[PDB]
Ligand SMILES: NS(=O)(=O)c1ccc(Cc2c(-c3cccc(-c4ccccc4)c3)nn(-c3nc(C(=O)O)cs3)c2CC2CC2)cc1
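First comes one chain, alone, set out as structure tokens in the form deposited without this ligand.
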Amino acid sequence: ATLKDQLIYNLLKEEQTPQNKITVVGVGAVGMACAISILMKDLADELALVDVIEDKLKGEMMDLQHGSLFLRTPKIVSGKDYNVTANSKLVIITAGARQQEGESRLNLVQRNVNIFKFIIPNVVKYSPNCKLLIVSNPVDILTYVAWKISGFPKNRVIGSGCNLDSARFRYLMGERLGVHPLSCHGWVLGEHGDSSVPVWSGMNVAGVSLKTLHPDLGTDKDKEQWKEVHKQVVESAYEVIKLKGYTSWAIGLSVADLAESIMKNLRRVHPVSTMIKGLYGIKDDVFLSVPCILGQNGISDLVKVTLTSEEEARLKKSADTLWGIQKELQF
């Protein structure tokens, strides 16, 4: 008789379906930053890793597995075959197109659409009742792409959007005032990138409107130039890529935070990208970041923020752009 059989008597052989499984698609810096943030927040009873490069994937899986003693996630799996993702509660797409040197914006988006025409159906086939969290950039448009291809209802297709943008706003707001980011409140909404909207009205410490105190907050006659905070937020990624080549930990921590709200059904509010037709004067099938309530059904609700004429027109101008690009995409 075997040592295991001498040591252990077996009552039950057949294991059940995993109950709290998460898949991360793509094992780049962002993918692995999400996985380690998720593994150390104990959100999953099973982690699945998927990417097209077999050796990198098995490597990252074995490195995580070797740390098992220091973790509470008892099964970590990987493969190029999406059968490993079976029965995921949450699937996080970080996989994208490696940006070519002299291509157009439209080229980059359509190469990502071609990768998504493979990933999304494979995700749906093995985890048809899962929430999709789109991290891959450009996040607003690729969240529309994931939506169309998957055929999922709008509540179960979520773009990481202005979540990290808003977390960076609160960090900078915190450094200017000597207050921890947690107690500094402020919202970056609309299109993730240069044309995002800082909501100066909702920007507050302890429910004290910085706009009410300082009427010229966020204007050009602003002597304190608080515009430069949103300018810093919107230029942050560029500055970090400049220095270390990429961004890793901040997005990893922010995606783990979103996963926590989903997996534990918290109904916390996050500024994430959601199909926004019929709201803020938008009449096209586009995704924009607004405060969304995240739980086990994904975006169950969203907050209808009051916006100035300027801010209304900026969200509408971002939608014009996104719809413009989206009708040129080949599905």
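All residue numbers refer to positions in the sequence shown, first residue = 1. If you superpose the two forms and keep the largest set of C-alpha atoms that fall within 1.5 Å, you have the rigid core. Only residues modelled in both forms are compared.
Note that the form solved in complex with this ligand isn't included here; everything after this is about it.
- For the candidate set 145, 189, 132, 164, a heavy atom within 4.5 Å of this ligand in the bound PDB entry is found for exactly one residue, namely 164.
- Listed residues 256, 149, 197, 234 were compared with this ligand in the bound PDB entry; 234 is the one with a heavy atom within 4.5 Å.
- Shown alone here, residue 86 lies farther than 4.5 Å from this ligand in the bound PDB entry, counting heavy atoms only.
- Within this chain, residue 217 is remote from the site of this ligand in the bound PDB entry, having no heavy atom within 4.5 Å.
- At a distance threshold of 4.5 angstroms between non-hydrogen atoms, residue 127 is out of contact with this ligand in the bound PDB entry.
- Though the partner is left out of this view, residue 105 does reach within 4.5 Å of this ligand in the bound PDB entry, counting heavy atoms only.
- After superposition on the rigid core, the C-alpha displacement between this form and the one not shown reaches 2 Å or more for just one residue among 225, 212, 100, 183, namely 100.
- When the two forms are fitted on their rigid core, the residues between this form and the one not shown that move as runs of three or more, each C-alpha shifted by 2 Å or more, fall in 14-16, 100-107.
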